[PDB]
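For the protein sequence lines, the chains are H, A, D and C, in the order given.
Going letter by letter, the first sequence gives residues 2 to 52, 52A, 53 to 82, 82A to 82C, 83 to 100, 100A to 100E, 101 to 111 in the deposited numbering.
Going letter by letter, the second sequence gives residues 33 to 135, 152 to 309, 312 to 321, 321A, 322 to 354, 356 to 394, 414 to 457, 466 to 505 in the deposited numbering.
Going letter by letter, the third sequence gives residues 33 to 135, 152 to 309, 312 to 321, 321A, 322 to 354, 356 to 394, 414 to 457, 466 to 505 in the deposited numbering.
Going letter by letter, the fourth sequence gives residues 33 to 135, 152 to 309, 312 to 321, 321A, 322 to 354, 356 to 394, 414 to 457, 466 to 505 in the deposited numbering.
The next block holds one structure in the form of structure tokens; read it before the comments.
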Amino acid sequence: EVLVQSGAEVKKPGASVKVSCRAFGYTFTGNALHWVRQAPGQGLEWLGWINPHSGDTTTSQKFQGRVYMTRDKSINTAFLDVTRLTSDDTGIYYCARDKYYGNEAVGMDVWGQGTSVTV
Amino acid sequence: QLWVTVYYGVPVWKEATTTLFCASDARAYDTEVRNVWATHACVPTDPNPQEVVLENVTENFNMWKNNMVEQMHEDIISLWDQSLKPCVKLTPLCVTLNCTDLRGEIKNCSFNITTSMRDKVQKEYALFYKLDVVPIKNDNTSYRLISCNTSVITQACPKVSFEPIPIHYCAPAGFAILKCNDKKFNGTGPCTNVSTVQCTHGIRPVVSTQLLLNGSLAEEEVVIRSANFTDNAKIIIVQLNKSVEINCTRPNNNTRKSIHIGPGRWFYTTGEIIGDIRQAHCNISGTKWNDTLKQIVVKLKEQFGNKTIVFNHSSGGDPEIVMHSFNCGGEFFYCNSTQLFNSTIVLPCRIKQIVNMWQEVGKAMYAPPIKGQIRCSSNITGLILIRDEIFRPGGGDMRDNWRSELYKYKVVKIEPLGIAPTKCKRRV
Amino acid sequence: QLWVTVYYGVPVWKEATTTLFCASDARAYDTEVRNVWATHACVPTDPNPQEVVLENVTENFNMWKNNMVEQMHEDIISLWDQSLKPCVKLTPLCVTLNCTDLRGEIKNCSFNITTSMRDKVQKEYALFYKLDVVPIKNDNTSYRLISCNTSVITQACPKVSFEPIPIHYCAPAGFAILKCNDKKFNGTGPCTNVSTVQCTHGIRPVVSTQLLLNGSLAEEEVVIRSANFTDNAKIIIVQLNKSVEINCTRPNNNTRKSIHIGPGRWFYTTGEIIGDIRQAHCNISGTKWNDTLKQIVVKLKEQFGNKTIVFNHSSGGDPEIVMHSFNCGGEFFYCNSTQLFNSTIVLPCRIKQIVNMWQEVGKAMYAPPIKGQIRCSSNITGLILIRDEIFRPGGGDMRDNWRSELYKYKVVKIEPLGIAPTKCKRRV
Amino acid sequence: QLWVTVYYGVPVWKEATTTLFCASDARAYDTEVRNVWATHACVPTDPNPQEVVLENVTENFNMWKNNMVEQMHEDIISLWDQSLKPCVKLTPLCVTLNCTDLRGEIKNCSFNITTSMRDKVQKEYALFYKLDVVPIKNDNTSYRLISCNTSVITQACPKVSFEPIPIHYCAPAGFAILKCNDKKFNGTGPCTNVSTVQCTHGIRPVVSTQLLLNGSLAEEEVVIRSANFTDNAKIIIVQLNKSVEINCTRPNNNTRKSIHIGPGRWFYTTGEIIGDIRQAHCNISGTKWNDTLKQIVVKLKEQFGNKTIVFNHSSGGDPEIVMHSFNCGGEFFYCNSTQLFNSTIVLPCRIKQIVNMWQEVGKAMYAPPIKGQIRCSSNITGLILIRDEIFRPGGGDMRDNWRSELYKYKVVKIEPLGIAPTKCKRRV
Ligand SMILES: *[C@@H]1O[C@H](CO)[C@@H](O[C@@H]2O[C@H](CO)[C@@H](O[C@@H]3O[C@H](CO[C@H]4O[C@H](CO)[C@@H](O)[C@H](O)[C@@H]4O)[C@@H](O)[C@H](O[C@H]4O[C@H](CO)[C@@H](O)[C@H](O)[C@@H]4O)[C@@H]3O)[C@H](O)[C@H]2NC(C)=O)[C@H](O)[C@H]1NC(C)=O
Ligand SMILES: *[C@@H]1O[C@H](CO)[C@@H](O[C@@H]2O[C@H](CO)[C@@H](O[C@@H]3O[C@H](CO[C@H]4O[C@H](CO)[C@@H](O)[C@H](O)[C@@H]4O)[C@@H](O)[C@H](O[C@H]4O[C@H](CO)[C@@H](O)[C@H](O)[C@@H]4O)[C@@H]3O)[C@H](O)[C@H]2NC(C)=O)[C@H](O)[C@H]1NC(C)=O
Ligand SMILES: *[C@@H]1O[C@H](CO)[C@@H](O[C@@H]2O[C@H](CO)[C@@H](O[C@@H]3O[C@H](CO[C@H]4O[C@H](CO)[C@@H](O)[C@H](O)[C@@H]4O)[C@@H](O)[C@H](O[C@H]4O[C@H](CO)[C@@H](O)[C@H](O)[C@@H]4O)[C@@H]3O)[C@H](O)[C@H]2NC(C)=O)[C@H](O)[C@H]1NC(C)=O
Ligand SMILES: *[C@@H]1O[C@H](CO)[C@@H](O[C@@H]2O[C@H](CO)[C@@H](O[C@@H]3O[C@H](CO[C@H]4O[C@H](CO)[C@@H](O)[C@H](O)[C@@H]4O)[C@@H](O)[C@H](O)[C@@H]3O)[C@H](O)[C@H]2NC(C)=O)[C@H](O)[C@H]1NC(C)=O
Ligand SMILES: *[C@@H]1O[C@H](CO)[C@@H](O[C@@H]2O[C@H](CO)[C@@H](O[C@@H]3O[C@H](CO)[C@@H](O)[C@H](O)[C@@H]3O)[C@H](O)[C@H]2NC(C)=O)[C@H](O)[C@H]1NC(C)=O
Ligand SMILES: *[C@@H]1O[C@H](CO)[C@@H](O[C@@H]2O[C@H](CO)[C@@H](O[C@@H]3O[C@H](CO)[C@@H](O)[C@H](O)[C@@H]3O)[C@H](O)[C@H]2NC(C)=O)[C@H](O)[C@H]1NC(C)=O
Ligand SMILES: *[C@@H]1O[C@H](CO)[C@@H](O[C@@H]2O[C@H](CO)[C@@H](O[C@@H]3O[C@H](CO)[C@@H](O)[C@H](O)[C@@H]3O)[C@H](O)[C@H]2NC(C)=O)[C@H](O)[C@H]1NC(C)=O
Ligand SMILES: *[C@@H]1O[C@H](CO)[C@@H](O[C@@H]2O[C@H](CO)[C@@H](O)[C@H](O)[C@H]2NC(C)=O)[C@H](O)[C@H]1NC(C)=O
Ligand SMILES: *[C@@H]1O[C@H](CO)[C@@H](O[C@@H]2O[C@H](CO)[C@@H](O)[C@H](O)[C@H]2NC(C)=O)[C@H](O)[C@H]1NC(C)=O
Ligand SMILES: *[C@@H]1O[C@H](CO)[C@@H](O[C@@H]2O[C@H](CO)[C@@H](O)[C@H](O)[C@H]2NC(C)=O)[C@H](O)[C@H]1NC(C)=O
Ligand SMILES: *[C@@H]1O[C@H](CO)[C@@H](O[C@@H]2O[C@H](CO)[C@@H](O)[C@H](O)[C@H]2NC(C)=O)[C@H](O)[C@H]1NC(C)=O
Ligand SMILES: *[C@@H]1O[C@H](CO)[C@@H](O[C@@H]2O[C@H](CO)[C@@H](O)[C@H](O)[C@H]2NC(C)=O)[C@H](O)[C@H]1NC(C)=O
Ligand SMILES: *[C@@H]1O[C@H](CO)[C@@H](O[C@@H]2O[C@H](CO)[C@@H](O)[C@H](O)[C@H]2NC(C)=O)[C@H](O)[C@H]1NC(C)=O
Ligand SMILES: *[C@@H]1O[C@H](CO)[C@@H](O)[C@H](O)[C@H]1NC(C)=O
Ligand SMILES: *[C@@H]1O[C@H](CO)[C@@H](O)[C@H](O)[C@H]1NC(C)=O
Ligand SMILES: *[C@@H]1O[C@H](CO)[C@@H](O)[C@H](O)[C@H]1NC(C)=O
Ligand SMILES: *[C@@H]1O[C@H](CO)[C@@H](O)[C@H](O)[C@H]1NC(C)=O
Ligand SMILES: *[C@@H]1O[C@H](CO)[C@@H](O)[C@H](O)[C@H]1NC(C)=O
Ligand SMILES: *[C@@H]1O[C@H](CO)[C@@H](O)[C@H](O)[C@H]1NC(C)=O
Ligand SMILES: *[C@@H]1O[C@H](CO)[C@@H](O)[C@H](O)[C@H]1NC(C)=O
Ligand SMILES: *[C@@H]1O[C@H](CO)[C@@H](O)[C@H](O)[C@H]1NC(C)=O
């Protein structure tokens, strides 16, 4: 069970970026996906998560109206859609999976490799 | 007090045996014009098959107990035989042959045809292989076909094909196939990486001896499975991680004659050769073969000893056991395959037209002469070995070759209805 | 807010293909003693079949897309072939014939029978038709059967009948047949007078060329249908409102000889004629034919022109295409049918015993000799025409004749389960 | 006011006809290696079958209307014929025989074999029974096989057995078998001691004429059943309460020769006799037979008169009707059986190899020669009698022998759904 993300991007401020993450080795719709970012010099910033089955999401208050998540189960792929990019958005964008035992966050042991976005 | 409550849709099963059905790719439906196995009487495969990996399911597998092998055994034989029902008996053609050498693997034989065209008789000639016919001891000029005193041989209807199309086998509703996805799993025992499969991948009905080909390469190392690696009564199945290329040919542009031996009845026979006589042969990359073989030893020595001498020349059995064989372009080649094992590469091959579906009882099929030259190539993907620590190639039958693929799967039956105690009593 | 509600028993359907089954009248069950199609292996028809006229149902029909024709194609051929499985091979009888004329449509041939009664040989003679046998070019006295160098012909078991019994075809539960009751409806397009049928009327498995007979007259006018009436690649089907009477005969009281050609094996052959030789022929009322034909032109000219010259003499194809044919009393007549079209009535007919089920591949059936005279009559109910505005009779195969009846019906599948929004929410 | 209420699971039934299926004992599954009836294609019997005696159920039975007999008729014949499909035609062996006596029930015949080994001919000799072959009238030295001018006879495949294994017949779900347990019940009419059976006991497919054997003894008295005991067109079935022992033998240690009459084709024939010629015969305890026969008369006289003379010598029909017969050790004995009835015991028996499944149309099976001596014994349990008050043994066919056992049972269909008036109205 691995997570495979797309490539890196370079954007100017005011731009938007979309980062994919493919569900290799496991059922796409059987485990909710998280998105976490790490800007240079920073710790780990949570952006939100998406339910690959239902399309349900939760996002950080910091990004209301700015960070969106979508999915397309026909290709087993989840996506992170980030707009209003600024210089603070330079960083590594990672996809990750939790155990969701009881449908509640436990901790995430499966991570994608992360992609970088420069702004 | 707990109460009995019925729960339906319980995700449990028990191991079970049922019949799997075929599923075709797309083209096979319309290959009925020639192809025996790639029939029209077969539903399509799922264009988008699903697979579910299970989290905590560990089950025991045993490839030598895999009953799917028996189904394939019977199905191939039955379908093959069904296709030959309307074909031509060669019984009256066994009467006589006056032979000399081709101008001695191939004989130029003349013959006397018994009353043919109602009140007429005729004489003809044809080319024959020494592997299909034998001399009369007190003549040494006259010949007969080898199988004549036991049974009937028919010439396959010209409109025939045995192309080994990768037909899929699917489970019926109420059943499922569990697959072992553990790349390091041996032939028996528990497997933890297990997934649910409704239908398997396609498996080509390849017929060969002393060679596993055109599929199923190992996970970056040579993988060897055996029932024991101990008992000399058992055999060893070897999977290669890389294939070895083999190029085979019969560079003789042959023609064929249609001989009528009565109104309404005829058969084809080998006619003249256009051009010279070339020997059938196969080109195996030597370096790839032996580099791989060195790697095979690296894996094999784990069970048999680090300085142990392994892999000697083919030996034991009659020529169809000792020689390597395949249908190149549909033509039947018997290759010495001793060069490959001349140390513990181009091989000569012989041609034979009377064949069995692995092994028949009494009866046999005759492969009609093929017009033009033979060219084919293939992917060597594995070996079957014979214990003597010398190993030699060969052994087994169709079920060993089928098993070498089927080992990945087992069939179970879904048992959704059950009960459990609850705190809830029925209300009335 | 509307809610999802499930409704079951919804009166809708989709077009679908399924297998129709036969249904017998009353007598056919016990006709197994001879009759191939009127089998015992068939359930009875509904003694009181129902039909429902629908008020607002309009559907598209297309007789050239009516798949029921394929089912009839295959069923007649299969059943016919099954009945011939135990019958006698005439292969050894093709060996020789020394012929003179009957004392030359009919030849008096002597022949030499090869070892027959174990260690004996014998000579016999029989009468043969010129349409079944051919001479040897360099003899002009010796003959062979025409089909001998391609395949096996068997003599139908004497206990056989092909009486064209009007067997009904019925739909299985879950399916229904919709009928177009519009008397003016052409071969394709919408039909508003539609009714539901569970089972069709009986259709006789009539075999003929150049004639639609013994059923389905038009609604007081000549009715002509065609895929196009334009394209020369298409054909025209003509229905008459009145039938034309035809009286056919072969006034030769013939006998037959049973010839044994070995212990346990024998066949029948035409023996001597009791009385003189009379020509087979058919009497067609001329006035009725031509009065009708004038009326056919009246309808035909609507598509092809008011002063257009139509309906010339038969032409094109071999004698079984060019001549008109039928099994009168089970005997096979080939009539010139040129008198009927000698202007843009008694016809001579020829007799042939080797026949096909419309057209066989290689093989054929031999019609055993019939003792006594042949007499029959029939109802001419329609024509099939060939484009050249000259039209000529003939063309097509069994499916064109089956289609000419099946055009009235199509098969649909009932789809009773569906949903719709309601104002009612589920209560819990 | 009473209301309609539906009751499901109502213990009622109507008489009905369905197909019964076989059930095997334990061993029959693996008897496929030889045995025709004791097939592998048969489910096992219930190791613990149940039976329910009903308190107030009285029903009419009629053994001559028991349709189970037709099922057994057809099944035995069909299975027997299926087993013979791959067997050897003896057609070419009927060509000639030059016979003298064995050194005349058995003839020593030489013969000329037609081209056999492709271009060779050969001469052989074999022993034949006078019951299988007949002389040529104008030679008196030459012989032919009796059935040759009507049909094909094949030699049963050597790997064959007709051991009469007691296979059970069971009803499908929804059906039940009612049994009459009234020991004094005649062939028709009401029976009050009735029980429900899902599956019957096993019945051996015994083939015999003029003898009911190896089962079903009467309840301490001779029990006689007949459709009428009046009409001379009807027959009488006699059950004995005690069996009579019979010991049969053919004390000739025979061998057999395998004769090849072409490459790939051969048959077995009686070879030389090891030792002298002994007559086939059977030893019947005289006292037991006649003491029983006196008792049979005691029962028989109830319908036919106290001083009436009954039971005379066999008479009427051809030798297979007149002589008693059975397959002793698989060998076919035809015994005079006149000593048993020489007053109103060791019998000579004749041997014949061409046999019928009771009676065939045209075709027949040839019993391959049996190596060694024949020894068997059996239990005489009953008789079938012919009206003339003289009675004679014999008459009927397989259905009379099947009926003689099947008379105990009838098949019914369960009809669980019905309605009745109640005082309870539906609530809504
Ligand atoms: C392991 O895998 C290899 C391939 O990966 C298999 O070998 C090939 O098998 C295929 C199928 O049997 C062979 O296909 C044959 O090719 C011949 C030549 O093709 C050329 O010419 C045709 C002419 O129209 C072109 O269409 C085509 O694109 C090529 O240009 C054909 O002539 C053969 O047709 C046969 O059947 C028809 C049916 O009526 C006959 O009319 C023909 O006369 C003829 O009989 C056929 O298509 C292919 O050549 C094989 N070799 C190679 C090198 O690819 C191995 O068999 C496989 N082994 C196992 C055990 O699975
Ligand atoms: C279009 O429709 C016409 C009729 O409307 C069909 O022609 C008739 O078809 C029937 C059926 O095939 C023919 O019936 C035959 O009649 C012969 C003579 O019948 C008289 O003598 C018998 C003697 O007992 C009387 O019972 C009877 O009432 C008459 O008095 C019979 O001899 C024929 O029997 C055949 O089969 C038996 C079966 O064992 C044999 O034993 C006989 O030897 C013989 O083979 C049969 O019954 C009828 O004669 C036809 N002609 C006429 C003028 O009616 C057309 O065929 C039909 N065409 C198409 C394409 O559908
Ligand atoms: C009424 O009931 C009686 C018995 O109650 C039946 O008669 C017996 O029927 C059985 C079955 O047909 C006969 O069994 C035969 O016995 C032969 C000799 O057995 C001895 O030798 C063997 C050697 O291994 C020992 O195993 C055995 O215990 C004995 O010591 C066997 O040779 C026969 O085998 C046949 O089939 C095999 C299969 O390949 C062949 O290889 C053999 O060569 C041979 O063909 C067989 O087992 C038994 O002999 C019968 N007689 C007696 C006196 O019991 C009646 O037939 C039955 N009648 C009816 C109508 O139901
Ligand atoms: C149980 O079995 C499962 C099925 O095999 C296991 O899942 C497999 O896990 C391995 C782990 O390494 C994956 O291997 C990786 O695959 C990626 C795929 O990307 C490449 O291929 C795609 C194909 O279209 C292509 O599009 C990309 O551009 C790449 O070319 C590779 O990049 C990695 O190097 C590596 O090969 C398997 O792919 C994965 N299988 C599936 C079906 O996804 C599972 O782990 C097993 N579980 C246990 C406990 O063993
Ligand atoms: C025997 O070995 C040869 C060599 O490895 C195999 O040939 C290879 O077959 C694969 C099949 O997928 C070819 O892949 C191709 O990739 C392109 C990428 O876009 C795709 O478009 C094609 O449709 C196809 O998938 C691969 O190129 C091909 N290699 C060569 C050199 O041609 C061969 O299939 C093996 N035979 C068997 C029976 O395993
Ligand atoms: C060929 O044309 C002739 C002449 O029209 C057809 O004969 C006719 O067949 C009908 C069948 O119903 C006969 O009807 C009869 O009506 C009486 C009235 O009570 C009834 O009792 C009979 O049972 C029967 O229904 C009609 O009389 C008869 N015409 C003659 C002159 O006999 C013939 O059926 C046509 N053949 C085919 C195959 O269509
Ligand atoms: C023909 O008559 C003879 C003589 O009556 C029958 O032989 C008898 O068969 C019964 C079968 O149950 C034997 O019963 C045995 O009882 C012992 C008691 O412990 C049991 O252990 C055995 O397994 C078996 O049940 C009986 O002893 C036997 N009589 C003799 C003298 O051997 C024979 O079966 C009759 N044949 C037919 C086809 O009815
Ligand atoms: C046809 O007959 C010949 C002999 O007449 C059989 O030849 C034997 O073949 C076996 C095979 O290993 C040899 O061991 C024997 O020595 C051969 N016999 C002789 C006399 O040399 C031949 O096998 C028979 N054909 C079939 C199909 O069985
Ligand atoms: C795998 O090899 C083992 C090795 O011991 C087999 O054990 C056999 O055990 C019996 C018991 O008495 C011995 O007589 C045999 O000689 C042993 N076999 C050998 C080869 O020594 C075990 O049966 C083998 N398993 C398989 C699948 O063959
Ligand atoms: C049997 O052979 C003869 C010739 O040996 C075939 O006769 C040919 O028939 C076709 C039919 O249109 C003619 O065009 C040819 O000219 C005929 N040949 C000759 C030499 O005249 C005959 O058709 C063959 N039989 C079958 C059933 O095919
Ligand atoms: C019925 O006749 C029409 C007449 O136009 C057919 O139309 C064909 O259209 C193609 C289009 O390029 C032309 O090439 C053909 O020549 C036209 N056919 C003729 C006869 O002119 C139409 O296809 C015909 N339909 C049927 C059922 O035959
Ligand atoms: C084979 O032919 C012979 C005569 O050639 C048939 O013999 C007749 O058999 C019946 C049987 O009852 C006798 O009544 C006749 O008298 C016999 N004929 C002569 C001339 O004696 C023999 O039945 C025929 N075979 C078959 C199987 O039918
Ligand atoms: C049983 O015997 C009786 C005796 O009367 C049979 O009755 C028959 O009745 C018809 C009526 O006219 C007579 O013509 C017959 O002659 C009577 N038969 C005898 C033998 O006399 C009754 O049909 C017989 N039942 C069975 C089953 O045969
Ligand atoms: C085989 O050919 C040689 C050539 O001379 C001939 O002598 C011999 O008789 C031939 N044999 C047969 C069986 O025709
Ligand atoms: C497979 O490996 C397991 C590991 O414990 C072993 O127990 C089992 O016997 C092996 N089976 C074979 C056939 O090698
Ligand atoms: C077989 O022929 C192909 C043709 O290009 C070649 O590439 C391949 O290496 C050859 N294989 C061998 C074993 O020579
Ligand atoms: C049938 O008549 C309709 C009338 O509009 C026409 O459209 C259709 O093409 C006709 N079909 C045929 C086959 O004549
Ligand atoms: C056929 O014969 C019948 C016999 O009555 C006759 O009425 C009818 O008109 C005849 N038909 C012809 C075409 O002559
Ligand atoms: C039968 O044998 C006798 C013995 O002398 C012989 O004369 C006679 O010709 C033989 N018959 C046949 C048909 O061989
Ligand atoms: C059976 O006995 C009953 C007794 O009344 C009798 O009515 C019936 O006809 C008898 N049936 C036979 C076939 O003996
Ligand atoms: C048959 O042989 C057995 C052998 O013991 C014997 O007991 C029995 O009495 C014999 N039966 C007859 C009828 O002789």
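The beta-carbon is built from N, C-alpha and C at its ideal position, and this holds for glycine as well.
A:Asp107 has its Cβ no nearer than 7 Å to any heavy atom of ligand 11.
As the crow flies, the alpha-carbon of H:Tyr90 is around 7 Å from that of H:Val109.
In this model, D:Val505 and D:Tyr40 are separated by some 21 Å (Cα to Cα). With a cutoff of 8 Å on beta-carbon distance, C:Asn160 and C:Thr128 are scored as near each other.
Cβ atoms of C:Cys378 and C:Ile443 come within 8 Å of each other, at about 5 Å. For C:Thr162, the shortest separation between its Cβ and any heavy atom of ligand 19 does not lie below 7 Å.
With a cutoff of 8 Å on beta-carbon distance, A:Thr37 and A:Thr499 are scored as near each other. Within the chosen limit of 7 Å, ligand 16 reaches the beta carbon of A:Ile333 through at least one heavy atom. Contact annotation: the segment 296-305 of chain C does not touch the segment 340-349 of chain C, with fewer than three C-beta pairs closer than 8 Å.
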